[PDB]
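Let's start with one chain on its own, the form deposited in one PDB entry, as structure tokens.
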């Protein structure tokens, strides 16, 4: 077909963006069959293709809830003090959701540990996680999983599921990042930056030293933020409900 439409068709594969699409085009590929049969695929790219149709589909809010509950149960079977919160556009209150993002913490602040690995394994045994895309054990005290799940039953679609385990001391800044929106986060962060601060999914910091050209050359002190409201407060911002963060 015409260039722009096939670049589109290719870019909707998870793991492939505009550079990969163009390369595939120059190879002569024009269809998804062309891709699965001739193209070099990362493991994740092969998964995105396998679930191409399902991944373009959005789910009802209800279905997200069901997904969060599946994750919640499995974790609580490990510790019931574990706090599990679906975030994302779901938290924001959207009718539909493109994926599901589940945040997991423990109030006692110690016990979120050793949960991540056993939680995924549990979900796999159930038949719930069907494929895995990415795992991060390398972000401090936060553990992140990107995978694919499917609820039990007839006529269920595969869904994109993120699971994140954070320590209670970071629960607030993490909750802020996973609820979003993405445009909302740039705004908070850019703002913090103008105020000599910095915001991440780990913590809000003050006394962040930047140099002449604006670049960050020293971190600051991390300010304790036990609640989302605290972050907003310390940035001189009227607190906003998740539903008001959908920018």
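The term rigid core refers to the most C-alpha atoms you can superpose between the two forms while keeping them within 1.5 Å. Residues that one form lacks are left out of the comparison. Positions refer to the first chain, counted from 1.
Relative to its counterpart among 79-87 and 156-164, 79-87 has the higher mean temperature factor, C-alpha atoms as listed in the PDB entry.
Between the stretches 40-48 and 203-211, it is 203-211 that shows the larger average CA temperature factor. Across 185, 26, 194, 179, the greatest Cα temperature factor reported in the deposited entry is at 194. In the PDB entry, the Cα temperature factor peaks, among 127, 147, 109, 93, at 109. For residue 30, the recorded CA B-factor ranks within the lowest third of the chain. Only modelled residues enter the ranking. Placement of the Cα temperature factor of residue 175 within the chain: middle third of the modelled residues, per the deposited record. In this PDB entry, residue 133 carries a Cα temperature factor that places it within the lowest third of its chain's modelled residues. Annotation for residue 222: CA B-factor lies in the highest third of the chain's modelled residues. When the CA B factors of the chain's modelled residues are split into thirds, the value for residue 246 lands in the middle one.
Heads up, the form deposited in another entry isn't pictured, but that's what we're talking about next.
Summarising the superposition on the core between this form and the one not shown, the listed residues 190, 182, 56, 215 contain exactly one with a Cα shift of 2 Å or larger, 215. The Cα shift for residue 108 between this form and the one not shown, taken after rigid core superposition, is smaller than 2 angstroms. Relative to the superposed rigid core, the position of the CA of residue 136 differs between this form and the one not shown by 2 Å or more. The pair residue 137 and residue 54 is at least 3 angstroms closer at the CA level in the other form than in the present model. Compared with the form shown here, the Cα atoms of residue 45 and residue 137 move at least 3 Å closer together in the other form. Once the core is fitted, the segments that move between this form and the one not shown, counting only runs of three or more residues with each CA displaced by at least 2 angstroms, are 135-138, 207-219.
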